Every structure is written in structure tokens, then in C-alpha cells.
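# Coordinates in review
In case you want the letters, here they are:
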Number of protein chains: 2
Amino acid sequence: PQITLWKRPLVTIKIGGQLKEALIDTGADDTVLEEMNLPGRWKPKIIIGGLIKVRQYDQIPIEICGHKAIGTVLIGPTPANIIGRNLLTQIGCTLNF
Amino acid sequence: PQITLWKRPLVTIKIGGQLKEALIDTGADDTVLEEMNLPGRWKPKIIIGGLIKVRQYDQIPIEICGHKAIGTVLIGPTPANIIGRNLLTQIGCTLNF
């Protein structure tokens, strides 16, 4: 689709079978969602206040406005759901003007 | 233009006659640049570590890859130059996929 920036670009993402509202954030390298139940092994990662510990899951299937992609998702006490570039490149998201 | 997100979307902005590198950040409501000399009156604002004081200048002319726009610019000890939505809407920047 084509999203304008008059308001925060919040979209729906399907991950782990659940639907959620995340913010398309071109200024974020990574994707970090609030606590949820994901299947698989994960590894520790330390990354909105100070440092927080999160769980890094790799090659997780996700869906943003249709568009099926896979990639790394950090799950943790993030103040907000953020879709970063690591996933934005996977759905072919670009900035245009 | 059309910018892909394989790397951080850094662009050049002309403000106060000087050129600078800022990051197009759809996840940021406002625009905040590192200390520079801008003409005009400004007002105090408190907003990457904890809180920092900055100077809010309104209706400042700016230029991002051609495209002349005007808007509010926060100037201060920001860890990085950020072009927020407040200006992205003014140059007709959209997200597309």
C-alpha cells in the first residue's frame, strides 16, 4: 500500500499466529515486539529508558498488510512494537517523495 | 526519489544555509538536529539517554533532496540528526510496498 505520514504509521502484523499493532520505523535497525509466545529457540540480547534484556528469535514468519516475510524479531519489555528495517526490506518497503 | 531500507536512510538537508546529514525517521514525530546557528526567535523545549533541553524554531525553511519545505526544527545535543514526520509530510514522503 501507500502510507502517508500525517499520523504515526501503525500497521497490523501477524506473528506467532497472533495479530498486533506495530509502528513502521525507518529509523530503527531492528524489530522489537512486546512479550508474546513464539515457537522455537532464541538467544539473549541486550538493547526508551535504559538497557533491557530481550529474546532474539531468527527466521520468524511475519505478515505486514499482506506481504509474507521472514526475519529476526526481538521479543521483550519494549515500550512499543516497532517494525525495523531488517523486516522492511523483506516486504519491499521504500520511502518515496 | 525512492529510497530502499537496506541501510539507514541518511539524506542531505539544507537548513540555515548549511548542509547536513539527517536520518529519515518515520518513527519520530519531530525533527531534531545537532547544534547549529539558526536565525530567529525560538522557545525552550524538553525532550538517547534521558531528558535534554533544546531550542524549538518554527517555520524554518529546509530542503531534503530538492523539495523545499518549512516546519518546526528542534536544535540541541541530539545524539543524531533526525528528520521526523512533521517534515516528512511537508515533502510528500510516503512509505510504499
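Here the numbering of residues is sequential along each chain, from 1 in written sequence order, and it may depart from the entry's numbering. Residues without coordinates do not appear. Chain A is the first chain written and ligand 1 is the first ligand written, with later ones labelled in order. To obtain the side-chain values, all non-hydrogen atoms of the structure were used and water was disregarded. Residues with missing side-chain atoms are left out of burial classes, side-chain pairs and their counts.

For this deposited structure, the header cites X-ray crystallography as the method used and 2.300 Å as the resolution.

In the nomenclature of the PDB entry, chain A is known as Protease of Human immunodeficiency virus 1.

## Observations concerning the UniProt feature "active site" in chain A
UniProt positions are given in the numbering used here, feature names are shortened, and annotations may be inferred rather than shown by experiment. Per the UniProt annotation, the sites labelled "active site" are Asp25 of chain A. Following the sequence through the fold, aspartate 25 of chain A ends up in the loop between β3 (18-24) and β4 (32-33). For every residue, the accessible area obtained with a 1.4 Å probe (protein chains only) is divided by the maximum for its type, and the residue is called buried under 20%, exposed over 50%, and partly exposed between those limits. What makes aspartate 25 of chain A buried here is its relative accessible area of 8%. Each residue touching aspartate 25 of chain A, except ones within four places of it in the same chain, is listed here: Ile82, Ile83, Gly84, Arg85 and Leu88 of chain A together with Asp25, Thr26 and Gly27 of chain B. Each helix is a run of H or I in the DSSP string that is no shorter than four residues. Each strand is a run of E no shorter than two, and both are numbered from the N terminus. Whether two residues are in contact is decided by their heavy atoms: any pair within 4.5 Å suffices.

## Comments concerning the relation of the copies chain B and chain A
Structural superposition of the copies relies on a least-squares fit of C-alpha atoms. When chain B is fitted onto chain A, the two copies agree to an RMSD of 0.0 Å after a turn of 180 degrees and an axial shift of 0.0 Å. Classification of the inter-copy transformation places it as that of a two-fold axis. Of every C-alpha in chain B, the one belonging to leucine 95 of chain B sits nearest the axis of rotation, 2.4 Å from it. In this assembly, 100% of the residues forming the interface of chain B have copies in chain A that are likewise at the interface, indicating an isologous arrangement.

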